[PDB]
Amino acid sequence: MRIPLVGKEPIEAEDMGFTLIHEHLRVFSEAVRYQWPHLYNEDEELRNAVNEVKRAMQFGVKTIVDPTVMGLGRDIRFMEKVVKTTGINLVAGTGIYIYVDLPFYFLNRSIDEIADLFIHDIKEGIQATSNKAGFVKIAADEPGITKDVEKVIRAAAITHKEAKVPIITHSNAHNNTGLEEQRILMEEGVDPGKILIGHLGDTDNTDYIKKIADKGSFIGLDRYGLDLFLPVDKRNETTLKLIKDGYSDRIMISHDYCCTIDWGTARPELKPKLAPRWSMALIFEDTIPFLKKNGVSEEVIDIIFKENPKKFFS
């Protein structure tokens, strides 16, 4: 009814279950892959995905939210592929993933026709497949909020009030880009409780994370395993600190794991040293057990992975 899915009927919101709010089956750069597919292996990418998913459903993961959109190589027909061999609840989304500028096609185009693209994937269907998006993704990083960056953000604020779907953001933790994202969305009639400032777990600063959580929006401690931004343990203490400070009603956890990633700054041979234990179920081996071992109840974990996402999708 409310929450769309992939290769399956649309759920409501309370039947969402244990959810991994931020994960990636596989990412790639549309341009290169389309120009040189001799570098890729549909098979290797399908297996890793399949293998990684089935193991998340074990630890009790019910629904996986995949924020793969334009620029990350969103393949809806590749999404159904794995959903069929694993039977996973996969919420597809829309939007555009960028840091600086838009593709050339966007030259001299209004912000509306941009939000038009998103509104199309929500109500019509992603890539003419019927599978609709459940949200909209937007990204800001080191280069901070620029012209093209802001255009997409405001186009998200519109795709939100018109479709009623939520929006998940991608930001640099030490930048303030997260706050900027929250502000620019809030000023445009965007429901804070309907915005996920992500990756803000890549930093110790608990005051920056708090104020953003105080602003009403969901905070993103979503990149566990990626030690290169912040080691696992350094991350666990942060989550901890906030849980005791009563921010669990806004804390959402995930990995941001890419079964197969395109960038060279994250080669499969770069795993060790950069992200040794980074996986789709790392928070089951380390994080969760860590909290319950430090005095956090079962209600909190079910709140984070169940009740928080439910409030995010309705």
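Counting begins at 1, following the sequence as shown.
- Here 278 to 286 and 241 to 249 are compared by their mean Cα B-factor, and 241 to 249 comes out higher.
- Here 295 to 303 and 18 to 26 are compared by their mean Cα B-factor, and 295 to 303 comes out higher.
- When the Cα B-factors of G216, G178, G220, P103 are read from the PDB record, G178 comes out highest.
- Per the PDB record, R77 has a higher Cα B-factor than any other of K137, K151, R77, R74.
- In this PDB entry, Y208 carries a Cα temperature factor that places it within the highest third of its chain's modelled residues.
- The PDB entry assigns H255 a C-alpha temperature factor belonging to the lowest third of its chain's modelled residues.
- In the PDB entry, a CA B factor belonging to the lowest third of its chain's modelled residues is recorded for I64.
- Ranked within its chain, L90 lands in the lowest third, by CA B factor from the PDB record.
- Looking at the C-alpha B-factors along this chain, the one for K123 belongs to the highest third.
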